[PDB]
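For reference, model_6.txt (compact mmCIF, C-alpha atoms (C1' of nucleotides) and all ligand atoms):
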```
# COMPACT_ATOMS: atom_id res chain seq x y z
CA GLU N 1 0.00 0.00 0.00
CA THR N 2 3.03 2.28 0.41
CA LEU N 3 5.90 0.01 1.00
CA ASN N 4 5.34 -1.58 -2.30
CA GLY N 5 4.31 1.68 -3.97
CA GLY N 6 6.94 2.93 -6.45
CA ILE N 7 7.27 -0.51 -7.84
CA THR N 8 3.71 -1.01 -8.26
CA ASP N 9 3.33 2.38 -9.63
CA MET N 10 6.16 2.09 -12.10
CA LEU N 11 4.93 -1.34 -13.21
CA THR N 12 1.43 -0.01 -13.86
CA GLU N 13 2.86 2.91 -15.87
CA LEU N 14 4.67 0.11 -17.72
CA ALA N 15 1.67 -2.11 -18.38
CA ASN N 16 -0.44 0.74 -19.49
CA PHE N 17 2.03 1.76 -21.89
CA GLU N 18 2.20 -1.57 -23.76
CA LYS N 19 -1.46 -1.88 -23.79
CA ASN N 20 -2.11 1.50 -25.45
CA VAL N 21 0.87 2.88 -27.37
CA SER N 22 1.96 -0.63 -28.30
CA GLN N 23 -0.52 -3.38 -28.84
CA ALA N 24 1.32 -5.67 -26.43
CA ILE N 25 -1.64 -7.28 -24.55
CA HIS N 26 0.77 -9.87 -23.15
CA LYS N 27 3.56 -7.75 -21.75
CA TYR N 28 0.86 -5.55 -20.59
CA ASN N 29 -0.80 -8.33 -18.91
CA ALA N 30 2.67 -9.36 -17.58
CA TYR N 31 3.38 -6.02 -15.93
CA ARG N 32 0.03 -6.20 -14.30
CA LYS N 33 0.04 -9.50 -12.49
CA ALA N 34 3.45 -8.61 -11.17
CA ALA N 35 2.24 -5.25 -10.20
CA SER N 36 -0.52 -7.21 -8.56
CA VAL N 37 1.78 -9.53 -6.72
CA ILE N 38 4.69 -7.31 -5.72
CA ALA N 39 1.80 -5.29 -4.30
CA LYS N 40 0.68 -7.97 -1.89
CA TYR N 41 4.19 -8.42 -0.62
CA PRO N 42 4.62 -7.77 3.06
CA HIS N 43 8.08 -6.51 2.95
CA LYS N 44 10.07 -3.86 1.37
CA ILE N 45 11.34 -5.24 -1.88
CA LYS N 46 15.05 -4.67 -1.54
CA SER N 47 16.26 -5.85 -4.85
CA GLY N 48 15.28 -7.42 -8.10
CA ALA N 49 16.36 -10.77 -6.83
CA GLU N 50 14.06 -10.74 -3.82
CA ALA N 51 11.30 -9.52 -6.06
CA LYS N 52 12.16 -12.13 -8.66
CA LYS N 53 11.36 -15.06 -6.37
CA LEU N 54 7.88 -14.00 -6.86
CA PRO N 55 5.40 -15.43 -9.17
CA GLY N 56 5.09 -13.62 -12.49
CA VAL N 57 8.37 -12.10 -11.59
CA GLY N 58 10.54 -12.46 -14.38
CA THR N 59 13.98 -11.48 -15.15
CA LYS N 60 12.86 -8.48 -17.28
CA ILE N 61 10.81 -6.91 -14.59
CA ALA N 62 13.23 -7.65 -11.79
CA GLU N 63 15.77 -5.95 -13.95
CA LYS N 64 13.53 -3.00 -14.07
CA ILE N 65 13.12 -3.16 -10.27
CA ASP N 66 16.84 -2.79 -9.66
CA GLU N 67 17.22 0.29 -11.83
CA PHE N 68 14.31 1.80 -10.12
CA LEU N 69 15.64 0.87 -6.78
CA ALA N 70 19.11 2.11 -7.40
CA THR N 71 18.12 5.37 -9.11
CA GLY N 72 14.82 6.97 -8.42
CA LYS N 73 13.82 6.50 -11.98
CA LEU N 74 13.65 4.38 -15.01
CA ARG N 75 14.90 5.30 -18.52
CA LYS N 76 12.19 3.54 -20.41
CA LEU N 77 9.83 5.29 -18.22
CA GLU N 78 11.58 8.58 -18.85
CA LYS N 79 11.84 7.90 -22.58
CA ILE N 80 8.06 7.09 -22.91
CA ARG N 81 6.97 10.01 -20.84
CA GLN N 82 8.83 12.13 -23.34
CA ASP N 83 7.58 10.39 -26.48
CA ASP N 84 5.48 12.74 -28.44
CA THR N 85 3.86 9.95 -30.00
CA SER N 86 3.00 7.97 -27.04
CA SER N 87 1.89 11.19 -25.42
CA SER N 88 -0.38 11.76 -28.31
CA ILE N 89 -2.09 8.46 -27.83
CA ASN N 90 -2.69 8.99 -24.18
CA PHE N 91 -4.21 12.27 -24.87
CA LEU N 92 -6.57 11.47 -27.78
CA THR N 93 -7.89 8.72 -25.73
CA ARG N 94 -9.60 11.25 -23.42
CA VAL N 95 -11.95 12.01 -26.14
CA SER N 96 -14.99 10.08 -25.35
CA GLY N 97 -15.33 7.82 -28.30
CA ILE N 98 -11.65 7.45 -28.92
CA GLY N 99 -9.99 4.29 -27.65
CA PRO N 100 -6.44 3.14 -28.22
CA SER N 101 -7.16 1.74 -31.59
CA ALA N 102 -8.55 4.85 -32.99
CA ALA N 103 -6.00 6.80 -30.98
CA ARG N 104 -3.21 5.11 -32.93
CA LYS N 105 -4.88 5.31 -36.27
CA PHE N 106 -5.51 9.01 -35.74
CA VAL N 107 -2.03 9.65 -34.89
CA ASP N 108 -0.97 7.68 -37.79
CA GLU N 109 -2.63 10.06 -40.01
CA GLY N 110 -1.21 12.93 -38.03
CA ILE N 111 -4.12 13.98 -35.75
CA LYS N 112 -2.36 14.57 -32.54
CA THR N 113 -4.08 17.67 -31.14
CA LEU N 114 -7.54 18.75 -30.26
CA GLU N 115 -7.35 21.23 -33.00
CA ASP N 116 -6.37 18.52 -35.38
CA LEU N 117 -9.20 16.65 -34.32
CA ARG N 118 -11.49 19.43 -35.14
CA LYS N 119 -10.07 20.12 -38.56
CA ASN N 120 -11.10 16.56 -39.28
CA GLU N 121 -14.36 16.23 -37.59
CA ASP N 122 -15.29 14.15 -40.63
CA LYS N 123 -12.92 11.43 -39.72
CA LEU N 124 -14.77 11.19 -36.52
CA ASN N 125 -18.02 9.30 -35.81
CA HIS N 126 -21.12 10.64 -33.93
CA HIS N 127 -19.91 9.44 -30.54
CA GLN N 128 -16.52 11.10 -30.93
CA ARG N 129 -18.17 14.12 -32.43
CA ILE N 130 -19.92 14.74 -29.32
CA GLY N 131 -17.02 13.63 -27.20
CA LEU N 132 -15.15 16.26 -29.12
CA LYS N 133 -17.82 18.84 -28.72
CA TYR N 134 -18.22 18.53 -24.92
CA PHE N 135 -14.59 17.81 -24.34
CA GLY N 136 -14.40 20.34 -21.49
CA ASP N 137 -17.81 19.63 -19.86
CA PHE N 138 -17.03 16.00 -20.09
CA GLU N 139 -13.93 16.21 -18.04
CA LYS N 140 -15.58 18.40 -15.35
CA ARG N 141 -16.88 17.04 -12.04
CA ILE N 142 -20.59 17.15 -11.11
CA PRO N 143 -21.43 19.13 -7.93
CA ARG N 144 -23.86 17.12 -5.89
CA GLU N 145 -25.65 20.48 -5.67
CA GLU N 146 -26.49 19.83 -9.42
CA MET N 147 -26.86 16.14 -8.90
CA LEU N 148 -29.94 16.94 -6.81
CA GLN N 149 -31.10 19.27 -9.58
CA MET N 150 -30.81 16.70 -12.28
CA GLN N 151 -32.05 13.91 -10.03
CA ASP N 152 -34.99 16.00 -9.28
CA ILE N 153 -36.09 16.58 -12.80
CA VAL N 154 -35.44 13.10 -13.84
CA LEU N 155 -37.75 11.68 -11.35
CA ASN N 156 -40.29 14.09 -12.53
CA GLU N 157 -40.81 13.04 -15.99
CA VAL N 158 -40.26 9.42 -15.07
CA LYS N 159 -43.29 9.61 -12.99
CA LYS N 160 -44.76 11.98 -15.47
CA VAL N 161 -45.00 9.50 -18.24
CA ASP N 162 -45.98 6.60 -16.12
CA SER N 163 -46.55 6.54 -12.46
CA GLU N 164 -45.45 2.98 -12.58
CA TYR N 165 -41.75 3.59 -13.13
CA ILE N 166 -39.12 3.36 -10.60
CA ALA N 167 -35.82 5.15 -10.95
CA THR N 168 -32.89 5.26 -8.74
CA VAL N 169 -29.82 7.24 -9.16
CA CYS N 170 -27.08 4.89 -8.33
CA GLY N 171 -23.38 5.53 -7.81
CA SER N 172 -21.33 7.70 -5.41
CA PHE N 173 -24.13 10.16 -5.71
CA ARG N 174 -26.28 7.69 -3.94
CA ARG N 175 -23.48 7.08 -1.49
CA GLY N 176 -23.51 10.78 -0.34
CA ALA N 177 -20.56 11.90 -2.56
CA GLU N 178 -19.82 15.66 -2.66
CA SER N 179 -19.51 15.17 -6.42
CA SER N 180 -19.96 12.83 -9.21
CA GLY N 181 -18.58 12.28 -12.68
CA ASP N 182 -21.87 11.37 -14.45
CA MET N 183 -25.34 10.46 -13.60
CA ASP N 184 -26.44 6.88 -13.52
CA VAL N 185 -30.15 6.21 -13.66
CA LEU N 186 -31.22 2.59 -12.97
CA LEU N 187 -34.65 2.01 -14.22
CA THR N 188 -37.36 -0.59 -14.17
CA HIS N 189 -40.92 -1.15 -14.44
CA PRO N 190 -43.17 -3.91 -13.27
CA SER N 191 -44.47 -4.55 -16.69
CA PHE N 192 -40.82 -5.77 -17.35
CA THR N 193 -38.96 -8.61 -15.71
CA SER N 194 -36.80 -11.68 -16.39
CA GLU N 195 -39.26 -13.42 -18.89
CA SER N 196 -41.91 -10.82 -19.97
CA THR N 197 -40.51 -10.26 -23.43
CA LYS N 198 -39.45 -6.67 -23.13
CA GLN N 199 -41.21 -3.44 -23.97
CA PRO N 200 -38.33 -1.49 -25.54
CA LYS N 201 -40.65 1.40 -25.57
CA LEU N 202 -40.34 1.42 -21.84
CA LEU N 203 -36.90 2.87 -22.20
CA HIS N 204 -37.86 4.87 -25.22
CA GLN N 205 -40.85 6.67 -23.76
CA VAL N 206 -38.76 8.22 -21.13
CA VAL N 207 -35.87 9.15 -23.19
CA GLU N 208 -38.30 10.85 -25.30
CA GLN N 209 -39.80 12.55 -22.38
CA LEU N 210 -36.48 13.79 -21.02
CA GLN N 211 -35.66 15.18 -24.48
CA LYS N 212 -39.03 16.68 -24.97
CA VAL N 213 -38.31 18.98 -22.17
CA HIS N 214 -34.66 19.57 -23.04
CA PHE N 215 -32.83 17.66 -20.40
CA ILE N 216 -31.40 15.30 -22.91
CA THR N 217 -29.61 17.02 -25.62
CA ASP N 218 -27.69 14.34 -27.32
CA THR N 219 -27.82 10.67 -27.96
CA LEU N 220 -24.46 8.90 -27.72
CA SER N 221 -26.20 5.65 -27.96
CA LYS N 222 -29.57 4.33 -27.45
CA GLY N 223 -30.48 0.72 -27.48
CA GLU N 224 -33.53 -1.02 -26.17
CA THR N 225 -32.12 -1.26 -22.69
CA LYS N 226 -29.33 1.14 -22.46
CA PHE N 227 -29.55 4.67 -23.50
CA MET N 228 -26.17 6.57 -23.26
CA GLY N 229 -26.38 10.39 -23.61
CA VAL N 230 -25.74 14.04 -22.67
CA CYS N 231 -27.89 16.44 -20.60
CA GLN N 232 -28.03 19.89 -19.19
CA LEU N 233 -29.67 21.95 -16.54
CA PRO N 234 -31.64 24.84 -17.79
CA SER N 235 -29.51 27.78 -17.87
CA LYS N 236 -31.39 29.97 -15.54
CA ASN N 237 -32.25 33.49 -15.85
CA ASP N 238 -29.04 33.94 -17.79
CA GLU N 239 -25.38 34.88 -17.15
CA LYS N 240 -24.75 31.29 -16.07
CA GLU N 241 -25.27 28.24 -18.34
CA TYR N 242 -24.88 24.59 -17.45
CA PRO N 243 -22.11 22.14 -18.37
CA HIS N 244 -23.02 19.28 -20.67
CA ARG N 245 -23.48 16.22 -18.58
CA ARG N 246 -23.01 12.59 -19.25
CA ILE N 247 -26.05 10.62 -18.64
CA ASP N 248 -26.98 6.84 -18.70
CA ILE N 249 -30.27 5.21 -18.23
CA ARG N 250 -30.80 1.47 -18.38
CA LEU N 251 -33.92 -0.72 -18.42
CA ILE N 252 -34.28 -3.60 -15.97
CA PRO N 253 -36.58 -6.39 -15.15
CA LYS N 254 -38.31 -5.32 -12.01
CA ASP N 255 -37.22 -8.72 -10.78
CA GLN N 256 -33.53 -7.66 -10.70
CA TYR N 257 -33.52 -4.09 -9.69
CA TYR N 258 -32.39 -4.21 -6.03
CA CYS N 259 -29.40 -6.35 -6.63
CA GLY N 260 -28.57 -4.31 -9.60
CA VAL N 261 -29.20 -1.26 -7.57
CA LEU N 262 -27.37 -2.78 -4.67
CA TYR N 263 -24.55 -3.42 -6.86
CA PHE N 264 -24.08 -0.27 -8.93
CA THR N 265 -24.25 1.70 -5.66
CA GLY N 266 -21.05 0.09 -4.37
CA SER N 267 -18.70 0.93 -3.24
CA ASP N 268 -16.55 -1.41 -5.20
CA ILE N 269 -15.16 -2.52 -1.83
CA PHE N 270 -18.46 -2.72 -0.04
CA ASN N 271 -19.77 -4.95 -2.71
CA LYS N 272 -16.87 -7.22 -2.82
CA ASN N 273 -16.91 -7.50 0.88
CA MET N 274 -20.63 -7.99 1.18
CA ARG N 275 -20.34 -10.38 -1.63
CA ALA N 276 -17.60 -12.33 0.09
CA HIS N 277 -19.89 -12.57 3.07
CA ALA N 278 -22.93 -13.86 1.25
CA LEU N 279 -20.60 -16.87 0.52
CA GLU N 280 -20.08 -17.86 4.06
CA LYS N 281 -23.68 -17.13 4.70
CA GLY N 282 -24.46 -19.81 2.06
CA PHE N 283 -25.16 -17.50 -0.90
CA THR N 284 -24.22 -16.02 -4.12
CA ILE N 285 -24.35 -12.40 -5.15
CA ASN N 286 -24.09 -10.77 -8.56
CA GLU N 287 -25.41 -7.79 -10.52
CA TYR N 288 -28.81 -9.52 -10.84
CA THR N 289 -29.71 -11.98 -8.23
CA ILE N 290 -28.84 -13.94 -5.29
CA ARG N 291 -28.62 -17.61 -5.22
CA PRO N 292 -28.54 -20.12 -2.39
CA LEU N 293 -25.38 -22.18 -2.32
CA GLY N 294 -25.51 -25.94 -2.44
CA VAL N 295 -22.82 -28.20 -1.00
CA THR N 296 -21.99 -30.16 -4.32
CA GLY N 297 -19.83 -27.19 -4.96
CA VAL N 298 -22.44 -24.91 -6.48
CA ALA N 299 -26.14 -24.32 -6.90
CA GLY N 300 -28.90 -22.07 -8.33
CA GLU N 301 -32.36 -20.78 -7.69
CA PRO N 302 -32.66 -16.98 -7.43
CA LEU N 303 -34.10 -15.87 -4.14
CA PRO N 304 -36.92 -13.15 -4.38
CA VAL N 305 -35.99 -9.50 -3.81
CA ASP N 306 -38.42 -6.59 -2.99
CA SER N 307 -35.81 -4.22 -1.51
CA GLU N 308 -32.17 -3.62 -0.74
CA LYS N 309 -33.12 -5.14 2.63
CA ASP N 310 -34.18 -8.60 1.42
CA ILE N 311 -30.75 -9.05 0.15
CA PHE N 312 -29.34 -7.84 3.55
CA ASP N 313 -31.61 -10.03 5.60
CA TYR N 314 -30.84 -12.88 3.41
CA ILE N 315 -27.18 -12.81 4.16
CA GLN N 316 -28.25 -11.66 7.60
CA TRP N 317 -26.42 -8.45 7.86
CA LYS N 318 -26.92 -5.01 9.15
CA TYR N 319 -28.81 -2.86 6.70
CA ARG N 320 -26.29 -0.33 5.75
CA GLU N 321 -27.44 3.04 4.58
CA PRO N 322 -25.87 3.88 1.25
CA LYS N 323 -24.22 6.68 3.15
CA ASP N 324 -22.09 4.03 4.85
CA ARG N 325 -21.60 1.59 2.05
CA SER N 326 -18.18 3.05 1.75
CA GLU N 327 -16.60 -0.31 2.38
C1' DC L 1 -19.07 -8.50 -19.15
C1' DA L 2 -22.60 -6.98 -21.60
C1' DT L 3 -24.53 -3.66 -24.72
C1' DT L 4 -24.39 -0.54 -28.87
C1' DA L 5 -22.06 1.53 -33.38
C1' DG L 6 -20.36 0.64 -37.16
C1' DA L 7 -18.34 -0.95 -41.37
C1' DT A 1 -20.02 -10.57 -38.78
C1' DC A 2 -16.40 -8.87 -35.88
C1' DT A 3 -14.22 -5.47 -33.57
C1' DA A 4 -14.22 -1.19 -30.84
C1' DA A 5 -15.72 1.82 -26.91
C1' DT A 6 -18.46 2.52 -22.65
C1' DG A 7 -19.24 1.38 -18.14
NA NA N 401 9.43 -16.27 -10.15
NA NA N 402 -11.90 7.95 -24.68
```
Give the structure from the file, written as structure tokens.
Amino acid sequence: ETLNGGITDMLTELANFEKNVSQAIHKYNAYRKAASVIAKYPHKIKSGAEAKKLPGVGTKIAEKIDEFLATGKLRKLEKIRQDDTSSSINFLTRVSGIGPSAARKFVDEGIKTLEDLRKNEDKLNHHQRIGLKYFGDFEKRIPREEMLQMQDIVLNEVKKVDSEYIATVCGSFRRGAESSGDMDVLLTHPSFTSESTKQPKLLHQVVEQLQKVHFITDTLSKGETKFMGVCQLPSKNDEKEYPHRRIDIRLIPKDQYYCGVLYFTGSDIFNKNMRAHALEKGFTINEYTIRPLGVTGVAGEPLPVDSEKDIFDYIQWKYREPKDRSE
DNA sequence: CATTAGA
DNA sequence: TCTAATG
């Protein structure tokens, strides 16, 4: 956590680099397990050798450990950091739409800068057009103060269209968070669950609603169960307009909400942990259900969930307010 | 890890 | 169809 730090940090820098600038999935994956393992290690790694005894700890990495140990640096690290090309890839990637693959290809052609990107908005697809457009607003944090604003409105039309809908705004937002990156609406309806062959409209109707009023301003992607877009809070009585916000709304069988909700609310640690517990407690937890464990090794049969509680109760735990789902 | 664009 | 990008 801090004794293993530099090494893990360097190693991660290292993986990441292969993965993006290069297309070295393997090495990348090498750097990572190592980074994983050296990380677990209970002692100060004092040399490559010591490190090396580890699993996944090859000669190439160990070698890298020494140089890092001896001098507070690493050439290859220094070299890459410098690399205008590699820098370019890292950068372009921030555009929402742009991944490593496109990142390379773009560079290839010579689009390294934002400006470049613009000059060639044609080379870009709708997703990346928008990504490009709201580049600033997309990088910006979301004050909870706004979160409430957005949350508010959302619930309004939701109910507006059909009183029957149920939306929850999952994430850190839900976990008290002074700020969030994007809003996550989990949605369901009773007229939709596990079997009941959809009602795509269900998603549709609302998106439409949200748009109708001007909350939704752009569609990044809309499928029959996962809408991915942009939104914005009415710019008041002028002088102050709102940043374009990332928004995602997903449909869900009313028969899987709570777990889903449970789940997407986190935190990542709380989940894991809770999850780990449900195991002792003879269960199985996952994004959609909760199954009773059978001795043979495994088992099925999704226990019925009406609220975040049911799940709790099931595993017989203390209902934890989202507030304190921190871990 | 599953869902959507796209080509 | 596969292959990329999101989360
Ligand atoms: Na080894
Ligand atoms: Na990106």
### Query
Residues within 12 Å of ligand NA 402 (chain N) (only C-alpha atoms (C1' of nucleotides) and all ligand atoms), as a VMD selection string?
(chain N and resid 20 89 to 103 127 to 132 135 138 to 139) or (chain A and resid 4 to 7)
Each residue of chain N with at least one atom at most 7 Å from ligand NA 401 (chain N) should appear once, together with its nearest atom pair and the corresponding distance in Å (one decimal); atoms considered: all atoms listed in the file; ordering: chain, then increasing residue number; output as a Markdown table.
```
| residue | atom | partner | partner_atom | distance |
| --- | --- | --- | --- | --- |
| N:52 | CA | N:NA401 | NA | 5.2 |
| N:53 | CA | N:NA401 | NA | 4.4 |
| N:54 | CA | N:NA401 | NA | 4.3 |
| N:55 | CA | N:NA401 | NA | 4.2 |
| N:56 | CA | N:NA401 | NA | 5.6 |
| N:57 | CA | N:NA401 | NA | 4.5 |
| N:58 | CA | N:NA401 | NA | 5.8 |
```
Within 8 Å of chain L, which residues of chain N show up? Give each one with its shortest atom-to-atom distance in Å (one decimal) and the two atoms involved, counting only C-alpha atoms (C1' of nucleotides), rows by chain then rising residue number, as a tab-separated table.
```
residue	atom	partner	partner_atom	distance
N:221	CA	L:4	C1'	6.5
N:222	CA	L:4	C1'	7.3
N:223	CA	L:4	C1'	6.4
N:226	CA	L:3	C1'	7.2
```
### Task
Mind listing whatever residues come within 9 Å of the point (-43.5, 2.5, -22.0)? Use all atoms listed in the file, file coordinates, and give them as a PyMOL selection string.
chain N and resi 161-162+189+191+199-206
### Task
State, in Å with one decimal place, the distance from atom CA of residue 275 of chain N to atom CA of residue 315 of chain N.
9.3 Å
### Message
Using all atoms listed in the file, list the residues that have an atom at most 12 Å from (-20.7, 17.5, -5.8), coordinates as in the file, as a ChimeraX atom specification.
### Response
/N:140-149,172-183
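Note that the spacing between atom CA of residue 31 of chain N and atom CA of residue 11 of chain N amounts to 5.6 Å.
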#### Entry: Residue among N:249, N:69, N:111, N:167 lying closest to chain A, counting all atoms listed in the file
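For chain A, the nearest of the candidates is N:249.
Note that atom CA of residue 7 of chain N and atom CA of residue 64 of chain N are 9.2 Å apart.
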### Task
Show which residues sit within 7 Å of segment 250-254 of chain N, as a PyMOL selection string. Count all atoms listed in the file, and ignore same-chain residues fewer than 3 positions away.
chain N and resi 185-190+192-194+203+225-227+257
### Task
Mind checking which residues fall within 8 Å of residue 218 of chain N, counting only C-alpha atoms (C1' of nucleotides), ignoring those fewer than 4 positions away in the same chain, and posting them as a PyMOL selection string?
chain N and resi 229-231
For segment 221-235 of chain N, supply N, CA, C and O atoms and report the output as a tab-separated table (two decimals), in the coordinates of the input.
```
chain	number	residue	atom	x	y	z
N	221	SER	N	-25.84	6.96	-27.58
N	221	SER	CA	-26.20	5.65	-27.96
N	221	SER	C	-27.47	5.23	-27.28
N	221	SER	O	-27.68	5.32	-26.08
N	222	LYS	N	-28.34	4.73	-28.06
N	222	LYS	CA	-29.57	4.33	-27.45
N	222	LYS	C	-29.98	3.00	-28.01
N	222	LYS	O	-30.20	2.87	-29.22
N	223	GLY	N	-30.08	2.04	-27.12
N	223	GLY	CA	-30.48	0.72	-27.48
N	223	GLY	C	-31.74	0.50	-26.72
N	223	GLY	O	-32.18	1.40	-25.99
N	224	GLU	N	-32.31	-0.69	-26.87
N	224	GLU	CA	-33.53	-1.02	-26.17
N	224	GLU	C	-33.39	-1.31	-24.69
N	224	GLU	O	-34.34	-1.82	-24.08
N	225	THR	N	-32.26	-0.99	-24.10
N	225	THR	CA	-32.12	-1.26	-22.69
N	225	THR	C	-31.09	-0.42	-22.06
N	225	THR	O	-30.96	-0.43	-20.85
N	226	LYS	N	-30.37	0.29	-22.91
N	226	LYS	CA	-29.33	1.14	-22.46
N	226	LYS	C	-29.19	2.31	-23.36
N	226	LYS	O	-28.76	2.25	-24.48
N	227	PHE	N	-29.62	3.41	-22.82
N	227	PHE	CA	-29.55	4.67	-23.50
N	227	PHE	C	-28.25	5.26	-22.97
N	227	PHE	O	-27.98	5.06	-21.81
N	228	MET	N	-27.44	5.96	-23.75
N	228	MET	CA	-26.17	6.57	-23.26
N	228	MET	C	-26.22	8.01	-23.77
N	228	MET	O	-26.18	8.17	-24.97
N	229	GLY	N	-26.33	9.08	-22.96
N	229	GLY	CA	-26.38	10.39	-23.61
N	229	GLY	C	-25.67	11.55	-22.91
N	229	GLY	O	-24.72	11.39	-22.16
N	230	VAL	N	-26.20	12.74	-23.19
N	230	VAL	CA	-25.74	14.04	-22.67
N	230	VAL	C	-27.02	14.79	-22.21
N	230	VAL	O	-28.15	14.59	-22.76
N	231	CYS	N	-26.83	15.64	-21.18
N	231	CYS	CA	-27.89	16.44	-20.60
N	231	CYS	C	-27.37	17.76	-20.09
N	231	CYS	O	-26.16	18.00	-20.05
N	232	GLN	N	-28.34	18.58	-19.70
N	232	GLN	CA	-28.03	19.89	-19.19
N	232	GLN	C	-29.22	20.59	-18.53
N	232	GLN	O	-30.38	20.61	-19.00
N	233	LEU	N	-28.83	21.18	-17.42
N	233	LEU	CA	-29.67	21.95	-16.54
N	233	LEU	C	-29.88	23.30	-17.14
N	233	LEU	O	-28.90	23.96	-17.45
N	234	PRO	N	-31.15	23.63	-17.26
N	234	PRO	CA	-31.64	24.84	-17.79
N	234	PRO	C	-30.83	25.92	-17.25
N	234	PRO	O	-30.66	26.00	-16.03
N	235	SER	N	-30.32	26.67	-18.20
N	235	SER	CA	-29.51	27.78	-17.87
N	235	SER	C	-30.57	28.80	-17.58
N	235	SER	O	-31.36	29.21	-18.41
```
